[PDB]
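Everything below concerns the one structure shown next.
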Amino acid sequence: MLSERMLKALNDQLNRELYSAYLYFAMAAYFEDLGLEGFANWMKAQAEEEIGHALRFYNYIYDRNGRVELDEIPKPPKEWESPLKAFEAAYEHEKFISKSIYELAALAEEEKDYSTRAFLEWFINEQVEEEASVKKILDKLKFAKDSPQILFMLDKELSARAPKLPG
Amino acid sequence: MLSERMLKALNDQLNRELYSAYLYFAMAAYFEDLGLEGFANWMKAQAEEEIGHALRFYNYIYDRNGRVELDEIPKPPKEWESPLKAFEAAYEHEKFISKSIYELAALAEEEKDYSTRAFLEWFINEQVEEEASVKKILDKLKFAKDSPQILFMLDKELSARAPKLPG
Amino acid sequence: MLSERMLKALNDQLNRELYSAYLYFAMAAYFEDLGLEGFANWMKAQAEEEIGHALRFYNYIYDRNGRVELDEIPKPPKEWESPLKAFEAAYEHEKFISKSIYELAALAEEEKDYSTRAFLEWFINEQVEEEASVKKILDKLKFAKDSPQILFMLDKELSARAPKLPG
Amino acid sequence: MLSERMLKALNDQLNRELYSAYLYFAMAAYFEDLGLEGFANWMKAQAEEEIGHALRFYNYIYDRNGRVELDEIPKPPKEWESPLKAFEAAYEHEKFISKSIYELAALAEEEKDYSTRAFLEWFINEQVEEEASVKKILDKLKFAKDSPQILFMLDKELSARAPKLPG
Amino acid sequence: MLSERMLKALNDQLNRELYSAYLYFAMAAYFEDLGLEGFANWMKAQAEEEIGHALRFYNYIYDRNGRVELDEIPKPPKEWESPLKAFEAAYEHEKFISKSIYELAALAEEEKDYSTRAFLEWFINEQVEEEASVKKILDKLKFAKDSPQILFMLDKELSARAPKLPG
Amino acid sequence: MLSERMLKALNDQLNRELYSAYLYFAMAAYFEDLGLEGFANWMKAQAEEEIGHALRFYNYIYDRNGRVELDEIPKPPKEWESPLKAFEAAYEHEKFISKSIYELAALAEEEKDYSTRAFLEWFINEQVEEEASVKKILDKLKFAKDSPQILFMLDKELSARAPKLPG
Amino acid sequence: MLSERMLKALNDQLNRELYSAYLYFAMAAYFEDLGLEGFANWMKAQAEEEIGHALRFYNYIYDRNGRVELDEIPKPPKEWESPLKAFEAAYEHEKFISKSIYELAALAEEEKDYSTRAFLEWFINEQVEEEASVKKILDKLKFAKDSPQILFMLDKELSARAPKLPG
Ligand SMILES: [Fe+3]
Ligand SMILES: [Fe+3]
Ligand SMILES: [Fe+3]
Ligand SMILES: [Fe+3]
Ligand SMILES: [Fe+3]
Ligand SMILES: [Fe+3]
Ligand SMILES: [Fe+3]
C-alpha cells in the first residue's frame with residue numbers, strides 16, 4: 001500500500017511542513033520585536049496553516065495504513081535584515097516547499113503510486129496560493145522601499161489575518 | 001525588566017512547552033497506529049494545549065520588552081511498549097514540566113522579579129490539572145490491565161476530547 | 001471520443017461496481033443470519049454506495065457519448081468463517097477495486113485520454129477512504145479475537161450507518 | 001417454520017426482483033442512449049422500486065428464520081426495436097412477475113403456510129398497480145405512433161418520476 | 001515559474017476562451033434574428049461562461065507572476081444554415097477547445113510544470129460538461145428534424161438559462 | 001425600420017463598445033502586473049460596464065427588427081508609461097466614444113429617425129458620467145505625481161468597485 | 001403655451017389612441033369568436049394600454065392649459081382573414097401610430113414648442129416597445145403557418161397577459 005521509499009518521503013515532508021510552521025513562528029517573533037503586530041499575527045496564522053499541512057500528511061499516511069514518525073525540528077533563523085528580507089526568505093522558503101512537493105509527485109509517478117499522487121494534487125494547487133500570497137506582500141514591501149508610512153499601513157492590512165489557536 | 005538569566009530561563013521553558021506539544025503528537029501517532037482513535041485525538045488536543053502554553057510565554061516575554069529566541073525541538077520517542085507505558089511516560093513528563101516551573105518560580109523569587117513570578121502562578125495551577133488528568137487516565141489503564149474490552153471503552157470515553165485546529 | 005478500449009474498460013468497471021454492491025449485499029445476508037444487525041445494515045449502506053459508484057461510471061459514459069452495456073452479475077459467496085473473515089474478504093475486495101481503477105488510469109494514460117484519466121481521480125481518492133473505512137473495522141475485529149462482548153459493542157457502533165433507500 | 005421448498009421459492013422470487021431491477025436499469029441505458037432522459041429516469045425509479053421489492057422478501061425470509069441465498073443475476077437485453085417495444089417488453093415482464101407471485105401464493109396455500117400467504121398479499125396488490133402503470137405508458141406510446149412531438153411530451157411527463165438514490 | 005513557452009500557451013488559451021465567448025454571442029445574435037429567444041438567451045449565458053474561463057486563465061497567469069497579453073479577437077461567423085447547424089458548429093468548437101486544453105496539458109507535462117498541469121485539470125473536467133451540454137441539445141435538434149412544433153418547445157426549455165449580466 | 005446606414009452605424013457603435021471593454025480589460029492586466037489590485041478591479045468593472053453598453057445596442061437593434069453583426073476586436077495596447085498615462089488614455093478613449101455617440105445622434109436626426117435618436121439620449125447622459133468619473137481619478141493621479149503613499153491610498157479606494165461577473 | 005395648431009394636433013392624437021383601443025377591442029372580439037381566449041385577452045389588455053395612452057395626452061393637454069375635445073371614434077373592421085392577418089394589421093396600425101407621433105414631434109420642433117416635443121419623447125420610446133411586441137408575435141404566427149398545434153400553444157402563452165379592468 002505504501003512502499004518504504006514513499007512512506008519515508010511522506011514522513012520527510014510531514015517534517016518539512018512542521019519546520020515551515022516553526023520558521024514562520026520564528027518570523028512572528030522577529031516581527032513582534034520590531035513592534036509590527038500585524039506582520040506577526042499574519043506569520044502566526046501562516047504557522048498554523050503549516051501545522052494543518054502536516055496534519056494532512058499525518059492523516060494520509062494513516063489512511064494508507066502506514067506509520068507516522070517524527071524527526072527533530074531544526075532551530076530556525078532568529079533574525080533578518082528588514083521586513084522585506086524576511087519576506088524574501090519566506091518566498092525562498094515557499095519555493096523550496098513547492099520543489100519538494102514536485103519531487104514527491106515525480107516519485108509517486110515513477111513508482112506508479114496513483115493514490116499518493118492524487119493526494120499530492122491538493123498541495124500542488126495550495127502551493128500556488130501560498131507563493132502568490134507571499135509574493136503579493138514581498139512586492140508591496142519593495143514598493144514601500146523607504147517609507148515607514150506604507151510599512152505602517154501594510155502592518156495594518158496584514159492584521160486582518162489572525163491565528164485561530166488563541167480561541 | 002528581564003535579566004539575561006530570566007530571559008534565558010523563559011525562552012528555555014517556551015521550548016520545553018513546544019517539545020511537550022511535540023511529544024504528545026508523537027504519542028498521538030503511536031495510539032493512531034494501534035487504531036486507538038480516541039486516545040489519538042486526546043493526545044492531539046493535549047498537543048494543542050501545549051502550543052497554548054508556549055504562546056503565553058511568548059506573550060509574557062514581549063510584554064516585558066524581551067526577545068523570543070527559538071531553539072531546535074529534539075526528536076521524541078517513536079514508541080512505547082503499551083498504552084499504559086505511554087501514559088506513564090506522559091505522567092513522568094508532566095512532573096518534569098512542573099519541576100521546571102518550580103525552578104523558574106524559585107528563580108523569579110530570588111531575583112525579586114514579582115512580575116515573572118506572578119506570570120508563573122498560572123502554570124503552577126495549570127500543572128495541577130495537567131498531572132491530575134494524566135493520572136486519572138493512567139490509573140484507568142492499570143484497572144484495564146488484561147481487558148481489551150475496557151481499553152475499547154476508555155478509547156471511546158477519550159474521543160470526547162477533540163483537537164480544535166483541524167476545523 | 002471514447003475509444004473502443006476505453007468504452008470496454010468503463011463498462012467493465014461499471015459492472016465491477018455493481019458486483020461489489022451485490023457482494024456487500026451478500027455479506028449483509030450473512031451478518032443478518034448471525035443476528036448481527038448492525039453489521040448487516042452497515043453492509044447494505046455499503047451496497048447502496050457501490051450502486052452510486054456504478055451510476056457515476058454510467059453518467060461519464062453517456063457524457064462521453066458512449067453506450068452503457070450491462071453484463072451478468074455473478075453469484076457472490078454465501079458464507080464466511082466469521083465476521084473477522086468477512087471483513088478480510090471485504091478489504092481484499094476493495095484492494096481489488098482500487099487496482100481495477102489504477103488499471104483504468106493506466107489505460108487512460110496509454111491512450112492519452114485526459115478526460116477519462118481526470119474523471120478517475122475521484123475514484124482514486126474515494127478508494128483511499130473506502131479502504132481506510134473497511135480497514136478500521138477489520139482491525140477492531142482482530143482486537144476482539146475471542147470476546148463476544150466487543151463484537152456485540154461493534155455491532156451497535158456500525159448500526160449508526162444505515163441504508164438510505166428503504167425510506 | 002419455512003419449508004425447504006418455500007424458502008427456495010422465496011429466495012427465487014427475491015432473485016426475480018433483482019433481475020427486474022437490472023432489466024429496468026437496462027431499459028434506462030437504452031432510453032438514455034436515445035436521449036430520452038425522462039424515460040431514462042422513470043426506468044431508474046422503477047429499478048429502485050424493484051430493489052425495494054427484493055428487500056421485502058429479504059426481510060420476510062429472516063423473520064421466518066430462513067436464510068437468504070443470492071443467485072447470479074443474468075445479463076438483460078441491451079437493445080429494443082423502439083420505445084414502444086421496450087414498454088411491451090416491460091408489460092410482458094410485469095405479467096411474468098405477477099404469475100410468479102400467484103405461483104407462490106398457490107404454493108403457500110397448498111402447504112397451508114398462512115404467514116407466507118399473508119405476506120404475499122402485498123405483492124398481489126402491488127402488481128396490479130405496476131401492470132396498470134406500465135400499461136398506461138405502453139398505450140400512450142401506441143397512441144403516439146409516428147409522432148416525435150408526442151414522444152417528446154411523454155418524455156417530459158415521465159421526468160416527474162425521479163429515482164431517489166443519486167441524492 | 002512560467003517558461004516563456006508556457007506563458008505564450010496560456011495567453012493563447014486565454015484568447016481562445018474569449019473568442020469562444022464571442023462565438024456564442026454571434027450565435028445568440030443568429031438565434032435572436034430567428035426569433036428564438038430561448039436559444040439566444042442560452043447562448044448569451046454560454047458566452048458569459050467563457051468570459052469566466054478567460055478570467056481563470058488571467059488569474060492563474062498572475063498567480064504565477066506572469067503577464068497577460070491580449071490578442072485580437074477574430075470576427076466570428078455571422079450565420080448558420082439552421083439551428084442544428086449552429087449546434088454542430090458549437091459542438092465542433094467545443095471539440096476544438098478540448099484539443100487545445102489537452103495540448104496544454106501535454107505541454108505542461110513535457111515541461112514538468114506541475115502547477116500549470118494542476119491548474120488545467122479543472123478545464124479538462126469542465127470540457128466534459130461543456131461538450132455533453134452542447135451534444136445534448138444538438139441531438140434534440142436532430143430529433144426535431146422537420147418539426148417547428150418541437151423547435152418551439154426546446155426554445156422554451158432553453159429559456160430557463162439566462163445570462164447573469166443584464167441584471 | 002432601420003435604414004442600412006443606421007443599422008451599419010449601430011453595429012459599428014456596438015463594436016466600439018466591445019473594444020472599449022477589451023481596452024479596459026487591457027488596462028486591468030497592466031495594473032494587475034504593477035500589483036495594483038484596486039485599479040485592476042476597477043478596470044474589470046469598467047469592462048463589464050461596456051459589455052452592458054454593447055448589450056443595449058444589441059437590444060435596440062433587434063427591437064427595430066435589425067440584425068446584429070459582430071466584427072473583429074482589434075488587439076488593444078499592452079503597456080502604458082504609468083497609471084497616470086493609462087487613465088489619460090482612458091479619458092481620451094472616453095472622449096472618443098462621446099464624439100461617436102454625437103455623430104450617431106447627428107446621423108439619427110438628419111435621417112429623421114426619431115426612435116434611434118431617442119434611444120441615444122441614454123448614451124449622451126451616460127457618457128457625461130463616464131467622462132466625469134475617469135477625470136476624477138485622472139486628477140487624483142496628477143495630485144499624486146511622486147507619492148506612492150497616495151497611489152496606495154488611491155488603489156484602496158478604487159478597490160470598492162468590483163466586477164460583478166465572477167460572482 | 002399651446003398654439004391652436006398644436007392643441008388640435010394633440011386632441012387628434014388623443015382620438016387616435018382611443019381608436020386604437022377600439023381597434024384592438026375589435027380584434028379581441030374576432031379572436032374571441034375564433035375561440036382563441038388567449039389572443040382575445042392579450043388584445044383586451046392592449047386595448048386598455050391604448051386608453052392609457054389617450055390619458056397621457058389628456059393630462060398633458062390640461063397641464064398646458066388647454067382643452068380636450070372628444071371627436072367620434074370610427075367603426076373598426078369586424079374581421080380578418082386569419083390570426084396572422086390580424087397581426088399584420090396590428091403591425092400596420094402600430095407603424096401608422098408611430099408615424100403620427102413622428103409627425104407630432106416634427107410639428108413641435110417646427111414651432112419651437114420644447115415642452116410638447118419633450119412630452120412626446122415618452123411616446124417615441126413607447127412605440128418602439130409596441131411595434132416590437134406586435135412584431136414578436138406576428139413572426140411566430142408566420143412560423144406557425146400550417147400548424148394549429150402552435151397557434152394553440154401560442155394562444156396559451158398570450159393568456160399570460162390579462163386586462164386589469166374586469167377587477
Ligand atoms: Fe505547507
Ligand atoms: Fe504546558
Ligand atoms: Fe466502488
Ligand atoms: Fe416487483
Ligand atoms: Fe471554455
Ligand atoms: Fe460605453
Ligand atoms: Fe398608443
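By convention here, the chains of the C-alpha cells are called A, B, ... in the order presented, each chain's residues are numbered starting at 1, and ligands are numbered starting at 1 in the order presented.
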*Would you kindly return, as a count of residues only, each protein, DNA or RNA residue with an atom no farther than 7 Å from any atom of residue 163 (chain E), considering only C-alpha atoms and excluding same-chain residues fewer than 2 positions away?*
6
_Show me, as JSON, numbers by chain, the residues that have an atom within 12 Å of residue 109 (chain C) when counting only C-alpha atoms, minus same-chain residues fewer than 2 positions from it._
{"A": [109, 112, 114], "C": [6, 102, 103, 104, 105, 106, 107, 111, 112, 113, 114, 115, 116, 117, 118, 120], "E": [106]}
_Could you list, as a count of residues only, every residue within 10 Å of region 80-82 of chain B, counting only C-alpha atoms and ignoring same-chain residues fewer than 5 positions away?_
8
Around ligand 1, out to 9 Å and counting only C-alpha atoms and all ligand atoms, which residues are there? I want them as a PDB file with N, CA and C atoms, in the first residue's frame.
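Done, and the output landed in part_7.pdb:
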ATOM      1  N   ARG A  16       9.069  18.464   7.009  1.00  0.00           N
ATOM      2  CA  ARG A  16       9.260  19.737   6.316  1.00  0.00           C
ATOM      3  C   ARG A  16       8.106  20.724   6.612  1.00  0.00           C
ATOM      4  N   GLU A  17       6.877  20.224   6.651  1.00  0.00           N
ATOM      5  CA  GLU A  17       5.750  21.097   6.936  1.00  0.00           C
ATOM      6  C   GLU A  17       5.887  21.704   8.342  1.00  0.00           C
ATOM      7  N   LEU A  18       6.306  20.881   9.313  1.00  0.00           N
ATOM      8  CA  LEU A  18       6.414  21.319  10.693  1.00  0.00           C
ATOM      9  C   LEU A  18       7.527  22.316  10.840  1.00  0.00           C
ATOM     10  N   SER A  20       8.354  24.297   8.555  1.00  0.00           N
ATOM     11  CA  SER A  20       7.779  25.507   7.969  1.00  0.00           C
ATOM     12  C   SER A  20       6.952  26.284   8.987  1.00  0.00           C
ATOM     13  N   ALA A  21       6.070  25.579   9.706  1.00  0.00           N
ATOM     14  CA  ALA A  21       5.359  26.187  10.832  1.00  0.00           C
ATOM     15  C   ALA A  21       6.373  26.892  11.754  1.00  0.00           C
ATOM     16  N   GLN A  46       0.093  31.907   9.326  1.00  0.00           N
ATOM     17  CA  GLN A  46       0.915  31.078   8.433  1.00  0.00           C
ATOM     18  C   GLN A  46       1.419  29.846   9.168  1.00  0.00           C
ATOM     19  N   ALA A  47       2.047  30.057  10.323  1.00  0.00           N
ATOM     20  CA  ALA A  47       2.476  28.946  11.179  1.00  0.00           C
ATOM     21  C   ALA A  47       1.360  27.919  11.352  1.00  0.00           C
ATOM     22  N   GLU A  49      -1.205  27.346   9.566  1.00  0.00           N
ATOM     23  CA  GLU A  49      -1.668  26.790   8.314  1.00  0.00           C
ATOM     24  C   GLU A  49      -0.737  25.625   7.955  1.00  0.00           C
ATOM     25  N   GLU A  50       0.554  25.807   8.248  1.00  0.00           N
ATOM     26  CA  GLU A  50       1.539  24.773   8.022  1.00  0.00           C
ATOM     27  C   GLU A  50       1.321  23.550   8.906  1.00  0.00           C
ATOM     28  N   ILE A  51       0.973  23.736  10.178  1.00  0.00           N
ATOM     29  CA  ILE A  51       0.602  22.601  11.036  1.00  0.00           C
ATOM     30  C   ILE A  51      -0.557  21.826  10.405  1.00  0.00           C
ATOM     31  N   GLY A  52      -1.536  22.545   9.874  1.00  0.00           N
ATOM     32  CA  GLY A  52      -2.598  21.932   9.106  1.00  0.00           C
ATOM     33  C   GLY A  52      -2.074  21.097   7.954  1.00  0.00           C
ATOM     34  N   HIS A  53      -1.058  21.587   7.250  1.00  0.00           N
ATOM     35  CA  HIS A  53      -0.464  20.813   6.169  1.00  0.00           C
ATOM     36  C   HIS A  53       0.163  19.542   6.702  1.00  0.00           C
ATOM     37  N   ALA A  54       0.929  19.659   7.784  1.00  0.00           N
ATOM     38  CA  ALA A  54       1.457  18.485   8.458  1.00  0.00           C
ATOM     39  C   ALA A  54       0.361  17.473   8.825  1.00  0.00           C
ATOM     40  N   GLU A  94       8.960  29.192   0.366  1.00  0.00           N
ATOM     41  CA  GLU A  94       7.792  28.691  -0.337  1.00  0.00           C
ATOM     42  C   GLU A  94       8.216  27.943  -1.596  1.00  0.00           C
ATOM     43  N   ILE A  97       9.491  24.503  -0.799  1.00  0.00           N
ATOM     44  CA  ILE A  97       8.415  23.557  -0.467  1.00  0.00           C
ATOM     45  C   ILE A  97       7.712  23.073  -1.731  1.00  0.00           C
ATOM     46  N   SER A  98       7.420  24.003  -2.634  1.00  0.00           N
ATOM     47  CA  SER A  98       6.886  23.641  -3.931  1.00  0.00           C
ATOM     48  C   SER A  98       7.771  22.574  -4.550  1.00  0.00           C
ATOM     49  N   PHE A 123      -1.731  19.738  -2.581  1.00  0.00           N
ATOM     50  CA  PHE A 123      -0.609  20.583  -2.256  1.00  0.00           C
ATOM     51  C   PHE A 123      -0.067  21.298  -3.477  1.00  0.00           C
ATOM     52  N   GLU A 126      -2.367  24.255  -3.664  1.00  0.00           N
ATOM     53  CA  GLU A 126      -2.205  25.061  -2.486  1.00  0.00           C
ATOM     54  C   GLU A 126      -0.892  25.834  -2.565  1.00  0.00           C
ATOM     55  N   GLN A 127       0.160  25.224  -3.086  1.00  0.00           N
ATOM     56  CA  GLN A 127       1.416  25.932  -3.151  1.00  0.00           C
ATOM     57  C   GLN A 127       1.338  27.091  -4.122  1.00  0.00           C
ATOM     58  N   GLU A 130       0.019  29.874  -1.923  1.00  0.00           N
ATOM     59  CA  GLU A 130       0.987  30.286  -0.930  1.00  0.00           C
ATOM     60  C   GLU A 130       1.991  31.223  -1.521  1.00  0.00           C
TER      61      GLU A 130
END
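Separating CA of residue 75 (chain F) from CA of residue 74 (chain E) is a distance of 9.8 Å.
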_Surrounding residues of residue 86 (chain E) excluding itself and chain neighbours under 4 positions, 12 Å, only C-alpha atoms, as a list in words_ = residues 23, 24, 26, 27, 28, 29, 30, 31, 39, 40, 43, 77, 78, 79, 80, 81, 82, 90, 91, 92, 93, 134, 135, 137, 138, 141 and 142 of chain E
_helix (DSSP H, G or I) positions in region 42-159 of chain G, given as a ChimeraX atom specification_ = /G:42-63,83-110,114-144,148-158
Closest contacts (chain C/chain B, max 12 Å, only C-alpha atoms) as JSON lines:
{"residue": "C:132", "atom": "CA", "partner": "B:35", "partner_atom": "CA", "distance": 11.1}
{"residue": "C:133", "atom": "CA", "partner": "B:35", "partner_atom": "CA", "distance": 11.9}
{"residue": "C:135", "atom": "CA", "partner": "B:35", "partner_atom": "CA", "distance": 9.8}
{"residue": "C:136", "atom": "CA", "partner": "B:35", "partner_atom": "CA", "distance": 7.3}
{"residue": "C:137", "atom": "CA", "partner": "B:35", "partner_atom": "CA", "distance": 9.7}
{"residue": "C:138", "atom": "CA", "partner": "B:35", "partner_atom": "CA", "distance": 10.4}
{"residue": "C:139", "atom": "CA", "partner": "B:35", "partner_atom": "CA", "distance": 7.3}
{"residue": "C:140", "atom": "CA", "partner": "B:35", "partner_atom": "CA", "distance": 7.7}
{"residue": "C:141", "atom": "CA", "partner": "B:35", "partner_atom": "CA", "distance": 11.3}
{"residue": "C:142", "atom": "CA", "partner": "B:148", "partner_atom": "CA", "distance": 10.8}
{"residue": "C:143", "atom": "CA", "partner": "B:148", "partner_atom": "CA", "distance": 7.1}
{"residue": "C:144", "atom": "CA", "partner": "B:148", "partner_atom": "CA", "distance": 7.5}
{"residue": "C:145", "atom": "CA", "partner": "B:148", "partner_atom": "CA", "distance": 9.9}
{"residue": "C:146", "atom": "CA", "partner": "B:148", "partner_atom": "CA", "distance": 10.5}
{"residue": "C:147", "atom": "CA", "partner": "B:149", "partner_atom": "CA", "distance": 8.3}
{"residue": "C:148", "atom": "CA", "partner": "B:149", "partner_atom": "CA", "distance": 9.9}
{"residue": "C:149", "atom": "CA", "partner": "B:149", "partner_atom": "CA", "distance": 7.3}
{"residue": "C:150", "atom": "CA", "partner": "B:149", "partner_atom": "CA", "distance": 6.2}
{"residue": "C:151", "atom": "CA", "partner": "B:149", "partner_atom": "CA", "distance": 9.9}
{"residue": "C:152", "atom": "CA", "partner": "B:149", "partner_atom": "CA", "distance": 10.8}
{"residue": "C:153", "atom": "CA", "partner": "B:149", "partner_atom": "CA", "distance": 9.3}
{"residue": "C:154", "atom": "CA", "partner": "B:152", "partner_atom": "CA", "distance": 10.0}
{"residue": "C:157", "atom": "CA", "partner": "B:156", "partner_atom": "CA", "distance": 10.8}
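The space between CA of residue 167 (chain C) and CA of residue 55 (chain D) spans 11.9 Å.
Summary of the local environment: counting only C-alpha atoms, residues at most 8 Å from region 10-15 of chain A, other than itself and those fewer than 5 positions away along its chain, are residues 53, 54, 55, 57, 58, 61, 68, 69, 70, 71, 73, 100, 101 and 104 of chain A.
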Keeping C-alpha atoms for every residue in the selection just given, could you write it to a file as a compact mmCIF listing (two decimals), in the first residue's frame?
# COMPACT_ATOMS: atom_id res chain seq x y z
CA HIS A 53 -0.46 20.81 6.17
CA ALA A 54 1.46 18.48 8.46
CA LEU A 55 -1.85 17.01 9.68
CA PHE A 57 0.20 14.22 5.63
CA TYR A 58 -0.39 12.57 9.03
CA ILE A 61 -0.12 8.14 5.92
CA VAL A 68 3.98 8.42 11.08
CA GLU A 69 7.37 9.10 12.59
CA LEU A 70 8.54 12.48 13.79
CA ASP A 71 12.06 13.80 13.47
CA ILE A 73 12.86 20.16 14.05
CA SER A 100 9.89 19.23 -2.54
CA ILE A 101 6.16 18.64 -3.38
CA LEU A 104 7.23 13.77 -4.28
Could you give me, as a CSV table (one decimal) with N, CA and C atoms, in the first residue's frame, the residues within 7 Å of residue 2 (chain D), counting only C-alpha atoms and dropping anything in the same chain fewer than 3 positions from it?
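Produced file around.csv, reproduced below:
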chain,number,residue,atom,x,y,z
D,6,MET,N,-40.4,-23.9,0.3
D,6,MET,CA,-40.8,-22.5,0.4
D,6,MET,C,-39.6,-21.5,0.4
D,7,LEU,N,-38.7,-21.7,1.3
D,7,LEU,CA,-37.5,-20.9,1.4
D,7,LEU,C,-37.0,-20.7,0.0
D,64,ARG,N,-39.0,-15.3,9.4
D,64,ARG,CA,-39.3,-16.7,9.5
D,64,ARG,C,-38.1,-17.6,9.7
D,66,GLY,N,-35.5,-18.1,8.1
D,66,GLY,CA,-34.8,-18.6,6.9
D,66,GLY,C,-33.5,-18.0,6.6
